[PDB]
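What follows is target_30.txt (compact mmCIF, N, CA and C atoms).
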# COMPACT_ATOMS: atom_id res chain seq x y z
N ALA A 1 11.75 15.56 6.00
CA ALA A 1 10.68 15.10 5.11
C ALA A 1 11.07 13.77 4.47
N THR A 2 10.24 13.29 3.55
CA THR A 2 10.46 12.16 2.64
C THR A 2 11.68 12.43 1.73
N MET A 3 12.06 11.45 0.90
CA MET A 3 13.16 11.51 -0.05
C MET A 3 12.86 10.50 -1.17
N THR A 4 13.85 10.17 -2.00
CA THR A 4 13.79 9.20 -3.10
C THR A 4 13.07 7.90 -2.72
N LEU A 5 12.20 7.42 -3.61
CA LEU A 5 11.32 6.26 -3.42
C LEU A 5 11.19 5.45 -4.71
N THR A 6 10.53 4.29 -4.61
CA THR A 6 10.31 3.35 -5.68
C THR A 6 8.81 3.03 -5.70
N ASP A 7 8.44 2.18 -6.64
CA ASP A 7 7.09 1.98 -7.18
C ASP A 7 6.07 1.72 -6.07
N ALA A 8 6.29 0.67 -5.27
CA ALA A 8 5.42 0.29 -4.17
C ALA A 8 5.34 1.34 -3.05
N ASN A 9 6.27 2.29 -3.00
CA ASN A 9 6.26 3.37 -2.02
C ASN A 9 5.74 4.68 -2.61
N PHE A 10 5.70 4.83 -3.94
CA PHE A 10 5.07 5.95 -4.65
C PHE A 10 3.67 6.17 -4.08
N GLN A 11 2.86 5.10 -4.12
CA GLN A 11 1.53 5.01 -3.53
C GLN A 11 1.51 5.40 -2.05
N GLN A 12 2.36 4.76 -1.24
CA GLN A 12 2.42 5.00 0.20
C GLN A 12 2.87 6.43 0.53
N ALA A 13 3.54 7.12 -0.39
CA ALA A 13 3.77 8.54 -0.30
C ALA A 13 2.48 9.28 -0.66
N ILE A 14 2.01 9.15 -1.90
CA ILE A 14 0.93 9.99 -2.44
C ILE A 14 -0.38 9.91 -1.65
N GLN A 15 -0.62 8.80 -0.95
CA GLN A 15 -1.76 8.63 -0.05
C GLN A 15 -1.76 9.61 1.13
N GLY A 16 -0.61 10.18 1.51
CA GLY A 16 -0.44 10.95 2.74
C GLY A 16 -1.23 12.26 2.71
N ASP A 17 -1.66 12.71 3.89
CA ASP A 17 -2.48 13.91 4.08
C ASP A 17 -1.58 15.14 4.24
N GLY A 18 -0.68 15.32 3.27
CA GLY A 18 0.17 16.49 3.17
C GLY A 18 0.74 16.62 1.76
N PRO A 19 1.31 17.79 1.39
CA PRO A 19 1.87 18.05 0.07
C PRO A 19 3.01 17.09 -0.28
N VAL A 20 2.70 16.07 -1.09
CA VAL A 20 3.66 15.10 -1.62
C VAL A 20 4.02 15.52 -3.03
N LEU A 21 5.20 16.13 -3.15
CA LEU A 21 5.81 16.46 -4.42
C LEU A 21 6.52 15.20 -4.91
N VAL A 22 6.03 14.62 -6.00
CA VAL A 22 6.59 13.44 -6.63
C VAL A 22 7.42 13.96 -7.81
N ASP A 23 8.74 13.77 -7.75
CA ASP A 23 9.71 14.45 -8.59
C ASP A 23 10.17 13.45 -9.66
N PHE A 24 9.50 13.47 -10.81
CA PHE A 24 9.75 12.53 -11.89
C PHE A 24 10.87 13.05 -12.78
N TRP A 25 11.99 12.33 -12.75
CA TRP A 25 13.11 12.50 -13.66
C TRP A 25 13.37 11.14 -14.32
N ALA A 26 14.41 10.99 -15.14
CA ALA A 26 14.82 9.70 -15.67
C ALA A 26 16.32 9.70 -15.95
N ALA A 27 16.90 8.51 -16.01
CA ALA A 27 18.32 8.25 -16.19
C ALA A 27 18.93 8.78 -17.51
N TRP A 28 18.15 9.40 -18.41
CA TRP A 28 18.65 9.89 -19.70
C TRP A 28 18.19 11.30 -20.09
N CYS A 29 17.11 11.84 -19.49
CA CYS A 29 16.45 13.02 -20.04
C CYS A 29 17.29 14.29 -19.83
N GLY A 30 18.00 14.74 -20.87
CA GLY A 30 18.76 16.00 -20.91
C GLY A 30 18.20 17.13 -20.02
N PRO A 31 16.97 17.62 -20.24
CA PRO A 31 16.41 18.70 -19.42
C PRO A 31 16.15 18.28 -17.97
N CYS A 32 15.77 17.02 -17.70
CA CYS A 32 15.59 16.57 -16.33
C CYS A 32 16.93 16.48 -15.60
N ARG A 33 18.04 16.20 -16.30
CA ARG A 33 19.39 16.26 -15.73
C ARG A 33 19.76 17.69 -15.30
N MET A 34 19.09 18.72 -15.83
CA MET A 34 19.30 20.13 -15.49
C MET A 34 18.25 20.64 -14.51
N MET A 35 17.07 20.04 -14.49
CA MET A 35 16.01 20.35 -13.56
C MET A 35 16.27 19.64 -12.24
N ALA A 36 16.76 18.39 -12.22
CA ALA A 36 17.10 17.66 -11.00
C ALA A 36 17.97 18.48 -10.03
N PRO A 37 19.09 19.11 -10.45
CA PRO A 37 19.82 20.02 -9.59
C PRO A 37 19.02 21.29 -9.26
N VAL A 38 18.18 21.81 -10.17
CA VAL A 38 17.29 22.93 -9.81
C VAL A 38 16.30 22.50 -8.71
N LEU A 39 15.82 21.26 -8.76
CA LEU A 39 14.87 20.63 -7.87
C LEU A 39 15.53 20.18 -6.56
N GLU A 40 16.86 20.28 -6.46
CA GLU A 40 17.61 20.06 -5.23
C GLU A 40 17.51 21.32 -4.37
N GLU A 41 17.76 22.49 -4.97
CA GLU A 41 17.46 23.78 -4.34
C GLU A 41 15.95 23.89 -4.06
N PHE A 42 15.09 23.48 -5.01
CA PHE A 42 13.64 23.43 -4.75
C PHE A 42 13.28 22.41 -3.67
N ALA A 43 14.11 21.43 -3.34
CA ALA A 43 13.88 20.66 -2.13
C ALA A 43 14.21 21.53 -0.93
N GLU A 44 15.46 22.00 -0.85
CA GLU A 44 16.00 22.74 0.29
C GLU A 44 15.10 23.92 0.69
N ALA A 45 14.65 24.70 -0.30
CA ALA A 45 13.98 25.99 -0.12
C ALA A 45 12.74 25.95 0.78
N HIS A 46 12.10 24.79 0.92
CA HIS A 46 10.93 24.57 1.78
C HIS A 46 10.92 23.13 2.33
N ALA A 47 12.11 22.59 2.63
CA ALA A 47 12.41 21.16 2.78
C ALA A 47 11.50 20.34 3.70
N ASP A 48 10.82 20.96 4.66
CA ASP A 48 9.93 20.25 5.59
C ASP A 48 8.49 20.79 5.57
N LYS A 49 8.21 21.82 4.75
CA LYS A 49 6.83 22.22 4.46
C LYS A 49 6.19 21.25 3.47
N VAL A 50 6.99 20.63 2.60
CA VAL A 50 6.54 19.72 1.55
C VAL A 50 7.35 18.43 1.62
N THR A 51 6.71 17.28 1.37
CA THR A 51 7.43 16.10 0.97
C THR A 51 7.98 16.39 -0.42
N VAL A 52 9.24 16.02 -0.65
CA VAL A 52 9.79 15.85 -1.99
C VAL A 52 10.23 14.39 -2.04
N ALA A 53 9.88 13.73 -3.14
CA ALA A 53 9.95 12.30 -3.30
C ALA A 53 10.33 12.03 -4.75
N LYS A 54 11.64 11.94 -4.97
CA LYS A 54 12.22 11.92 -6.31
C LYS A 54 12.25 10.48 -6.83
N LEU A 55 12.02 10.25 -8.12
CA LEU A 55 12.20 8.93 -8.72
C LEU A 55 12.44 8.97 -10.23
N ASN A 56 13.15 7.94 -10.69
CA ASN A 56 13.40 7.64 -12.09
C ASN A 56 12.13 7.01 -12.67
N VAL A 57 11.41 7.77 -13.49
CA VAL A 57 10.04 7.54 -13.93
C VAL A 57 9.77 6.12 -14.41
N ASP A 58 10.68 5.57 -15.21
CA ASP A 58 10.60 4.28 -15.85
C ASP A 58 10.50 3.14 -14.85
N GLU A 59 11.03 3.34 -13.64
CA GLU A 59 10.98 2.37 -12.56
C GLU A 59 9.58 2.27 -11.97
N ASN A 60 8.79 3.36 -12.04
CA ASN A 60 7.44 3.40 -11.50
C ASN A 60 6.47 3.59 -12.66
N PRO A 61 6.06 2.53 -13.38
CA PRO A 61 4.98 2.64 -14.36
C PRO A 61 3.62 2.88 -13.70
N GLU A 62 3.45 2.45 -12.44
CA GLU A 62 2.20 2.53 -11.70
C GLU A 62 1.80 4.01 -11.55
N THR A 63 0.64 4.38 -12.11
CA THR A 63 -0.03 5.68 -12.00
C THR A 63 0.70 6.81 -12.75
N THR A 64 1.99 6.61 -13.05
CA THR A 64 2.77 7.31 -14.06
C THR A 64 2.06 7.20 -15.40
N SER A 65 1.79 5.96 -15.84
CA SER A 65 1.10 5.71 -17.09
C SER A 65 -0.27 6.41 -17.10
N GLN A 66 -1.00 6.37 -15.98
CA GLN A 66 -2.34 6.94 -15.86
C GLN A 66 -2.36 8.46 -16.06
N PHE A 67 -1.38 9.19 -15.51
CA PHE A 67 -1.37 10.65 -15.58
C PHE A 67 -0.51 11.19 -16.74
N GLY A 68 -0.19 10.33 -17.71
CA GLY A 68 0.49 10.71 -18.95
C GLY A 68 1.96 11.04 -18.73
N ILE A 69 2.57 10.47 -17.69
CA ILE A 69 3.86 10.88 -17.16
C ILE A 69 4.98 10.25 -17.99
N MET A 70 5.11 10.73 -19.23
CA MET A 70 6.25 10.51 -20.12
C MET A 70 6.90 11.85 -20.50
N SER A 71 6.37 12.97 -19.98
CA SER A 71 6.77 14.33 -20.33
C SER A 71 7.92 14.86 -19.47
N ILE A 72 8.70 13.97 -18.86
CA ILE A 72 9.66 14.31 -17.83
C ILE A 72 10.72 15.31 -18.31
N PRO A 73 11.19 16.24 -17.45
CA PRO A 73 10.91 16.32 -16.02
C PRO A 73 9.45 16.70 -15.71
N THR A 74 8.83 15.92 -14.82
CA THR A 74 7.45 16.10 -14.38
C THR A 74 7.43 16.20 -12.85
N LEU A 75 6.44 16.91 -12.32
CA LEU A 75 6.32 17.23 -10.91
C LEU A 75 4.83 17.18 -10.62
N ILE A 76 4.36 16.13 -9.94
CA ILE A 76 2.98 16.09 -9.47
C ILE A 76 3.03 16.43 -7.98
N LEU A 77 2.01 17.16 -7.52
CA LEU A 77 1.78 17.44 -6.12
C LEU A 77 0.49 16.74 -5.73
N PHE A 78 0.61 15.78 -4.82
CA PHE A 78 -0.47 14.95 -4.30
C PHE A 78 -0.74 15.21 -2.82
N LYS A 79 -1.91 14.77 -2.35
CA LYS A 79 -2.24 14.48 -0.95
C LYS A 79 -3.49 13.61 -0.94
N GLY A 80 -3.66 12.73 0.05
CA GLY A 80 -4.83 11.87 0.14
C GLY A 80 -4.98 10.90 -1.04
N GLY A 81 -3.93 10.72 -1.85
CA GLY A 81 -3.96 10.00 -3.12
C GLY A 81 -4.37 10.89 -4.30
N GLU A 82 -4.77 12.14 -4.07
CA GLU A 82 -5.31 13.04 -5.09
C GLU A 82 -4.22 14.00 -5.58
N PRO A 83 -3.89 14.01 -6.89
CA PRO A 83 -2.99 14.99 -7.49
C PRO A 83 -3.70 16.33 -7.66
N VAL A 84 -3.40 17.31 -6.79
CA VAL A 84 -3.99 18.64 -6.87
C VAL A 84 -3.46 19.43 -8.06
N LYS A 85 -2.17 19.27 -8.40
CA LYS A 85 -1.55 19.95 -9.54
C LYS A 85 -0.36 19.13 -10.07
N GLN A 86 0.00 19.38 -11.34
CA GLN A 86 0.98 18.64 -12.12
C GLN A 86 1.65 19.64 -13.05
N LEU A 87 2.98 19.69 -12.99
CA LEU A 87 3.84 20.61 -13.72
C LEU A 87 4.80 19.74 -14.54
N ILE A 88 5.24 20.26 -15.69
CA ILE A 88 6.05 19.55 -16.66
C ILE A 88 7.03 20.52 -17.31
N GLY A 89 8.17 19.99 -17.75
CA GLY A 89 9.23 20.74 -18.40
C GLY A 89 10.05 21.56 -17.41
N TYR A 90 11.19 22.08 -17.87
CA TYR A 90 12.15 22.81 -17.05
C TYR A 90 11.63 24.23 -16.75
N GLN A 91 10.64 24.33 -15.85
CA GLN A 91 10.22 25.61 -15.28
C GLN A 91 11.33 26.12 -14.34
N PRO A 92 11.67 27.43 -14.35
CA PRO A 92 12.53 28.02 -13.33
C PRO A 92 11.80 28.10 -11.98
N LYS A 93 12.56 28.29 -10.90
CA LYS A 93 12.07 28.40 -9.53
C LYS A 93 10.94 29.42 -9.43
N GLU A 94 11.12 30.58 -10.06
CA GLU A 94 10.17 31.69 -10.00
C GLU A 94 8.84 31.36 -10.69
N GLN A 95 8.76 30.30 -11.51
CA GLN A 95 7.55 29.88 -12.18
C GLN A 95 6.96 28.69 -11.44
N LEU A 96 7.82 27.74 -11.08
CA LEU A 96 7.52 26.55 -10.33
C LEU A 96 6.94 26.93 -8.97
N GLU A 97 7.67 27.68 -8.15
CA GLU A 97 7.21 28.10 -6.83
C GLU A 97 5.98 29.01 -6.94
N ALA A 98 5.79 29.70 -8.07
CA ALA A 98 4.59 30.50 -8.30
C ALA A 98 3.38 29.60 -8.58
N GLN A 99 3.51 28.67 -9.53
CA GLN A 99 2.45 27.72 -9.88
C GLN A 99 2.12 26.82 -8.68
N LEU A 100 3.16 26.35 -7.99
CA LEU A 100 3.05 25.49 -6.82
C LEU A 100 2.70 26.27 -5.54
N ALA A 101 2.67 27.61 -5.58
CA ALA A 101 2.37 28.47 -4.42
C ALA A 101 1.08 28.05 -3.74
N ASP A 102 0.11 27.55 -4.51
CA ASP A 102 -1.18 27.03 -4.06
C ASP A 102 -1.04 25.72 -3.24
N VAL A 103 0.17 25.35 -2.82
CA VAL A 103 0.38 24.44 -1.70
C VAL A 103 1.49 24.91 -0.74
N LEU A 104 2.28 25.92 -1.12
CA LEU A 104 3.33 26.51 -0.31
C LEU A 104 2.82 27.69 0.54
N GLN A 105 1.71 28.30 0.11
CA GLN A 105 0.97 29.37 0.76
C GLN A 105 0.43 28.91 2.11
Take the structure in this file and express it as structure tokens.
Amino acid sequence: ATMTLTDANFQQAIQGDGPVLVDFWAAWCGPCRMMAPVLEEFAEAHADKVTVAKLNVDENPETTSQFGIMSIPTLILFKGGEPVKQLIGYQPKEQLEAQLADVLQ
């Protein structure tokens, strides 16, 4: 699948006609430093059923600003440019994969 990306490629990911998990963390956020390793297992667990596309939020102001993406750790799931769902805060796997099941199903 996809992997870590930057601003001009955020778009070129989210436009795609498949589950693009955009994995918003940042270089300082205490809980995102603990969710990022949780989100490494959450990459592996379905690694080619979903794009996972991790980035340091501050580097991509584009469309981050539009969807209120200062609440990091944040996880938007896109396809076709359309965010079908958006999750925030350190959810465990059993809550994340449950909420996100509506694209893993």
Check your understanding: Contacts of residue 28 (chain A) at 12 Å or less, counting only C-alpha atoms, minus same-chain residues fewer than 6 places along, as a list in words?
Key -> residues 34, 36, 56, 57, 58, 72 and 73 of chain A
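Every protein or nucleic acid residue with an atom no more than 9 Å from residue 90 (chain A), counting only C-alpha atoms and leaving out same-chain residues fewer than 2 positions away, appears here: residues 31, 32, 34, 35, 38, 72, 73, 74, 88, 92 and 96 of chain A.
Non-sequential neighbours of residue 54 (chain A) (distance at most 8 Å, separation of 3 or more positions within a chain, only N, CA and C atoms) are residues 2, 3, 4, 5, 6, 21, 22, 23, 24, 25, 51 and 57 of chain A.
Between CA of residue 75 (chain A) and atom C of residue 89 (chain A) there is a distance of 8.7 Å.
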Review point. As a PyMOL selection string, which residues of chain A does DSSP assign to strand (DSSP E)?
Key: chain A and resi 20-25+51-56+74-79+82-88
Revision key, fill the gap. note - CA of residue 11 (chain A) and CA of residue 94 (chain A) are separated by 28.8 Å
**Study point:** d(CA of residue 76 (chain A), atom N of residue 48 (chain A)) in Å
**Key:** 16.9 Å
4 Å per side around region 69-88 of chain A: axis-aligned box centre and edge lengths, as lines of an AutoDock Vina configuration file:
center_x = 2.9
center_y = 15.3
center_z = -10.2
size_x = 24.5
size_y = 18.6
size_z = 28.6
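With distances restricted to only C-alpha atoms, A:63 is the closest residue to residue 7 (chain A) from A:79, A:98, A:63, A:86.
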Check your understanding: Hey, what does DSSP flag as helix (DSSP H, G or I) within region 21-71 of chain A? Can you give it to me as number ranges by chain?
Key -> A: 30-44, 57-59
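Each of A:83, A:101, A:50, A:26 was compared to residue 1 (chain A) using only N, CA and C atoms, and A:50 turns out to be the nearest.
Each of A:95, A:46, A:82, A:33 was compared to residue 16 (chain A) using all atoms listed in the file, and A:82 turns out to be the nearest.
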Rebuild region 76-88 of chain A to N, CA, C and O atoms - output it as a compact mmCIF listing (two decimals), keeping the file's coordinate frame, please.
# COMPACT_ATOMS: atom_id res chain seq x y z
N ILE A 76 4.36 16.13 -9.94
CA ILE A 76 2.98 16.09 -9.47
C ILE A 76 3.03 16.43 -7.98
O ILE A 76 3.95 16.03 -7.28
N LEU A 77 2.01 17.16 -7.52
CA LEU A 77 1.78 17.44 -6.12
C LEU A 77 0.49 16.74 -5.73
O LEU A 77 -0.58 17.06 -6.25
N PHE A 78 0.61 15.78 -4.82
CA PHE A 78 -0.47 14.95 -4.30
C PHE A 78 -0.74 15.21 -2.82
O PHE A 78 0.10 15.78 -2.12
N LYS A 79 -1.91 14.77 -2.35
CA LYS A 79 -2.24 14.48 -0.95
C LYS A 79 -3.49 13.61 -0.94
O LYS A 79 -4.31 13.73 -1.85
N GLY A 80 -3.66 12.73 0.05
CA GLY A 80 -4.83 11.87 0.14
C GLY A 80 -4.98 10.90 -1.04
O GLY A 80 -6.07 10.37 -1.24
N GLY A 81 -3.93 10.72 -1.85
CA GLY A 81 -3.96 10.00 -3.12
C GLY A 81 -4.37 10.89 -4.30
O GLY A 81 -4.30 10.43 -5.44
N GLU A 82 -4.77 12.14 -4.07
CA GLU A 82 -5.31 13.04 -5.09
C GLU A 82 -4.22 14.00 -5.58
O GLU A 82 -3.65 14.73 -4.76
N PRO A 83 -3.89 14.01 -6.89
CA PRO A 83 -2.99 14.99 -7.49
C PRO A 83 -3.70 16.33 -7.66
O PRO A 83 -4.52 16.50 -8.56
N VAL A 84 -3.40 17.31 -6.79
CA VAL A 84 -3.99 18.64 -6.87
C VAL A 84 -3.46 19.43 -8.06
O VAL A 84 -4.20 20.22 -8.65
N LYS A 85 -2.17 19.27 -8.40
CA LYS A 85 -1.55 19.95 -9.54
C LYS A 85 -0.36 19.13 -10.07
O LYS A 85 0.19 18.29 -9.36
N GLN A 86 0.00 19.38 -11.34
CA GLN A 86 0.98 18.64 -12.12
C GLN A 86 1.65 19.64 -13.05
O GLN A 86 0.97 20.37 -13.76
N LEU A 87 2.98 19.69 -12.99
CA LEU A 87 3.84 20.61 -13.72
C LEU A 87 4.80 19.74 -14.54
O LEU A 87 5.14 18.63 -14.13
N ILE A 88 5.24 20.26 -15.69
CA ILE A 88 6.05 19.55 -16.66
C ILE A 88 7.03 20.52 -17.31
O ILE A 88 6.74 21.71 -17.44
